[PDB]
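structure.cif follows; it contains mmCIF, C-alpha atoms.
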```
data_work
loop_
_atom_site.label_atom_id
_atom_site.label_comp_id
_atom_site.auth_asym_id
_atom_site.auth_seq_id
_atom_site.Cartn_x
_atom_site.Cartn_y
_atom_site.Cartn_z
CA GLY A 1 -5.94 -18.24 -5.75
CA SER A 2 -9.18 -16.89 -7.17
CA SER A 3 -10.42 -18.93 -10.11
CA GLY A 4 -13.91 -18.45 -11.48
CA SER A 5 -16.64 -15.88 -11.97
CA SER A 6 -20.30 -16.26 -11.08
CA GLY A 7 -20.98 -15.80 -7.38
CA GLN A 8 -19.69 -12.28 -6.90
CA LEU A 9 -20.29 -11.54 -3.24
CA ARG A 10 -18.48 -10.16 -0.21
CA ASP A 11 -17.26 -13.62 0.74
CA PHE A 12 -14.65 -14.09 3.44
CA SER A 13 -12.18 -15.01 0.72
CA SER A 14 -13.41 -12.08 -1.35
CA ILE A 15 -13.07 -9.71 1.58
CA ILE A 16 -9.82 -11.15 2.87
CA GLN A 17 -8.07 -10.81 -0.47
CA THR A 18 -9.31 -7.23 -0.54
CA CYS A 19 -8.21 -6.64 3.04
CA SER A 20 -4.77 -8.00 2.22
CA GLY A 21 -4.47 -5.68 -0.75
CA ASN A 22 -5.55 -2.63 1.21
CA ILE A 23 -2.83 -3.37 3.74
CA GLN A 24 -0.21 -3.54 1.02
CA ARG A 25 -1.27 -0.19 -0.39
CA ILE A 26 -1.35 1.38 3.05
CA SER A 27 2.21 0.16 3.51
CA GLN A 28 2.96 1.18 -0.05
CA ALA A 29 1.73 4.76 0.06
CA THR A 30 3.45 4.98 3.43
CA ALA A 31 6.64 4.03 1.62
CA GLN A 32 6.07 6.62 -1.08
CA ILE A 33 5.75 9.31 1.57
CA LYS A 34 9.08 8.24 3.03
CA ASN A 35 10.63 7.83 -0.41
CA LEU A 36 9.17 11.13 -1.53
CA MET A 37 10.19 12.59 1.81
CA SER A 38 13.92 12.57 1.15
CA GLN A 39 13.23 13.80 -2.36
CA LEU A 40 11.92 17.02 -0.84
CA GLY A 41 14.96 17.12 1.42
CA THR A 42 17.11 18.53 -1.35
CA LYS A 43 17.51 22.19 -0.47
CA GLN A 44 14.53 23.01 -2.65
CA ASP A 45 11.04 21.56 -2.83
CA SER A 46 8.37 20.86 -5.42
CA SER A 47 4.60 21.11 -5.14
CA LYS A 48 4.44 18.13 -7.47
CA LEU A 49 5.77 16.16 -4.52
CA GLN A 50 3.99 17.81 -1.61
CA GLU A 51 0.82 17.00 -3.50
CA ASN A 52 1.88 13.42 -4.16
CA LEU A 53 2.40 12.95 -0.44
CA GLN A 54 -1.10 14.05 0.51
CA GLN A 55 -2.64 12.09 -2.33
CA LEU A 56 -0.70 9.08 -1.10
CA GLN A 57 -1.73 9.92 2.44
CA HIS A 58 -5.44 10.49 1.91
CA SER A 59 -5.65 7.48 -0.37
CA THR A 60 -4.17 5.28 2.34
CA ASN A 61 -6.38 6.98 4.90
CA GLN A 62 -9.57 5.84 3.22
CA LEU A 63 -8.03 2.51 2.29
CA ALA A 64 -7.72 1.95 6.03
CA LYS A 65 -11.22 3.26 6.66
CA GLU A 66 -12.38 0.41 4.46
CA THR A 67 -10.08 -2.19 5.95
CA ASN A 68 -11.52 -1.52 9.39
CA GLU A 69 -14.96 -1.62 7.83
CA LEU A 70 -14.22 -4.92 6.13
CA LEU A 71 -12.52 -6.38 9.19
CA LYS A 72 -15.88 -5.65 10.77
CA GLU A 73 -17.93 -7.16 7.97
CA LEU A 74 -15.59 -10.14 7.99
CA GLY A 75 -16.22 -11.30 11.54
CA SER A 76 -19.83 -10.37 10.89
CA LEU A 77 -20.10 -13.21 8.41
CA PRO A 78 -21.59 -16.46 9.73
CA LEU A 79 -19.68 -19.57 10.74
CA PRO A 80 -19.50 -22.95 8.99
CA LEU A 81 -20.85 -26.18 10.44
CA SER A 82 -17.30 -27.46 10.69
CA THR A 83 -15.17 -26.15 13.53
CA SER A 84 -12.09 -26.64 11.40
CA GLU A 85 -13.17 -23.85 9.08
CA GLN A 86 -14.23 -21.80 12.08
CA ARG A 87 -10.71 -21.51 13.44
CA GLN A 88 -9.09 -21.14 10.04
CA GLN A 89 -11.51 -18.26 9.61
CA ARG A 90 -10.84 -16.31 12.79
CA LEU A 91 -7.21 -17.37 12.57
CA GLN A 92 -6.96 -15.64 9.21
CA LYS A 93 -8.74 -12.53 10.43
CA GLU A 94 -6.54 -12.54 13.51
CA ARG A 95 -3.49 -12.15 11.29
CA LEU A 96 -5.22 -9.65 9.04
CA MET A 97 -5.93 -7.42 12.02
CA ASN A 98 -2.30 -7.64 13.09
CA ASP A 99 -0.86 -7.29 9.61
CA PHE A 100 -3.08 -4.29 9.00
CA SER A 101 -1.83 -2.82 12.25
CA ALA A 102 1.83 -3.29 11.43
CA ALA A 103 0.96 -1.34 8.30
CA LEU A 104 -1.12 1.20 10.19
CA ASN A 105 1.62 1.98 12.68
CA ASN A 106 3.89 2.53 9.71
CA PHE A 107 1.60 5.24 8.37
CA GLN A 108 1.45 6.74 11.84
CA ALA A 109 5.18 6.90 12.45
CA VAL A 110 5.14 8.46 9.00
CA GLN A 111 2.32 10.87 9.77
CA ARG A 112 4.44 12.24 12.59
CA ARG A 113 7.53 12.81 10.48
CA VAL A 114 5.35 14.52 7.91
CA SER A 115 3.61 16.70 10.47
CA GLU A 116 7.08 17.61 11.68
CA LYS A 117 8.04 18.88 8.25
CA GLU A 118 4.86 20.92 8.30
CA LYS A 119 5.58 21.92 11.87
CA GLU A 120 8.84 23.62 10.98
CA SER A 121 7.21 25.32 8.02
CA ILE A 122 4.60 27.06 10.14
CA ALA A 123 6.84 27.03 13.19
CA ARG A 124 5.22 30.02 14.85
CA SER A 125 7.53 31.52 17.45
CA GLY A 126 7.68 34.85 19.23
CA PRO A 127 4.28 36.57 19.12
CA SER A 128 3.92 40.15 17.96
CA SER A 129 0.70 42.15 17.99
CA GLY A 130 -0.34 45.77 18.36
#
```
Give the structure from the file, written as structure tokens.
Amino acid sequence: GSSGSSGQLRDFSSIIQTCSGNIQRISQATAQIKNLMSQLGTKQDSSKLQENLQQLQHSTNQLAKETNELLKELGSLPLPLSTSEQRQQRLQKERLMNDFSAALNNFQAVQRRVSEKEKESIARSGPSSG
């Protein structure tokens, strides 16, 4: 893994590692929402949770915003003289993109469920005016 301290730059390895992490979190927070979800599903509810969800949501949101940004800055980086490192590079990113997705989708499928909970709350049926 990482061993040293001097360079300090958005290196492919520096970005990757970061990208990887982000993914985890995204998948993590997404898990908290699901884990916290049931919690709410206990007859009663708690704002302490509802808030946690959002916080976990937003957080992940941005996290992703960065990931995509990095994934962009990654490929942006130049290529080595050796073609061996060239493939290993894109190859890595290739997975990252996918991995990130698998995590993204998760959040999505979660976003829906959440929205649903908020859908029932508001509901809004049978208009009445006048």
Pull the closest atom pair for each residue of region 3-62 of chain A that gets at most 8 Å from region 92-99 of chain A, along with the distance in Å to one decimal, counting only C-alpha atoms, ordering rows by chain and then ascending residue number, as a Markdown table.
```
| residue | atom | partner | partner_atom | distance |
| --- | --- | --- | --- | --- |
| A:16 | CA | A:93 | CA | 7.8 |
| A:19 | CA | A:96 | CA | 7.3 |
| A:20 | CA | A:96 | CA | 7.0 |
| A:23 | CA | A:99 | CA | 7.3 |
```
Original post:
Which one of A:60, A:55, A:86, A:8 sits closest to residue 22 (chain A) if you count only C-alpha atoms?
Top reply: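 When distances to residue 22 (chain A) are compared using only C-alpha atoms, the smallest one comes from A:60.
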Original post:
For this file, the PyMOL selection byres ((chain A and resi 26) around 9) selects which residues, as a list in words?
Top reply: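 Those residues are residues 21, 22, 23, 24, 25, 27, 28, 29, 30, 31, 56, 57, 59, 60, 61, 63, 64, 100, 103, 104, 106 and 107 of chain A.
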Would you save the residues of that selection, restricted to C-alpha atoms, as a compact mmCIF listing (two decimals), keeping the file's coordinate frame?
```
# COMPACT_ATOMS: atom_id res chain seq x y z
CA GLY A 21 -4.47 -5.68 -0.75
CA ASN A 22 -5.55 -2.63 1.21
CA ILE A 23 -2.83 -3.37 3.74
CA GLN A 24 -0.21 -3.54 1.02
CA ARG A 25 -1.27 -0.19 -0.39
CA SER A 27 2.21 0.16 3.51
CA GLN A 28 2.96 1.18 -0.05
CA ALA A 29 1.73 4.76 0.06
CA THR A 30 3.45 4.98 3.43
CA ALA A 31 6.64 4.03 1.62
CA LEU A 56 -0.70 9.08 -1.10
CA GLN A 57 -1.73 9.92 2.44
CA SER A 59 -5.65 7.48 -0.37
CA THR A 60 -4.17 5.28 2.34
CA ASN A 61 -6.38 6.98 4.90
CA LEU A 63 -8.03 2.51 2.29
CA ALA A 64 -7.72 1.95 6.03
CA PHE A 100 -3.08 -4.29 9.00
CA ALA A 103 0.96 -1.34 8.30
CA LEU A 104 -1.12 1.20 10.19
CA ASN A 106 3.89 2.53 9.71
CA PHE A 107 1.60 5.24 8.37
```
**OP:** Kindly indicate which residue among A:123, A:33, A:91, A:15 lies nearest to residue 76 (chain A), using all atoms listed in the file for the distances.
**Re:**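 Smallest separation from residue 76 (chain A) among the options: A:15.
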**OP:** Would you write out, as a PyMOL selection string, every residue that the PyMOL selection byres ((chain A and resi 74) around 10) captures in this file?
**Re:** chain A and resi 10-16+19+67-73+75-78+89-90+93
Original post:
Please, what distance in Å, to one decimal, runs between CA of residue 46 (chain A) and CA of residue 109 (chain A)?
Top reply: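 Interatomic distance here is 22.9 Å.
Atom pair CA of residue 1 (chain A) / CA of residue 82 (chain A) has a distance of 22.0 Å (rounded to one decimal).
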With 5 Å of padding per side, what axis-aligned box (centre and edge lengths, Å, one decimal) covers all the listed atoms of region 114-128 of chain A? Give it as JSON.
```
{"center_x": 6.2, "center_y": 27.3, "center_z": 13.6, "size_x": 15.2, "size_y": 35.6, "size_z": 21.3}
```
**OP:** Between A:66, A:53, A:36, A:4, single out the one closest to residue 18 (chain A), counting all atoms listed in the file.
**Re:** A:66
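Put simply, CA of residue 101 (chain A) is 28.9 Å away from CA of residue 3 (chain A).
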**OP:** Identify which of the residues A:50, A:5, A:62, A:35 lies closest to residue 117 (chain A), counting all atoms listed in the file when measuring atom-to-atom distances.
**Re:** A:50
Original post:
Of the candidates A:65, A:54, A:81, A:128, which shows the shortest atom-to-atom distance to residue 115 (chain A), using all atoms listed in the file?
Top reply: A:54
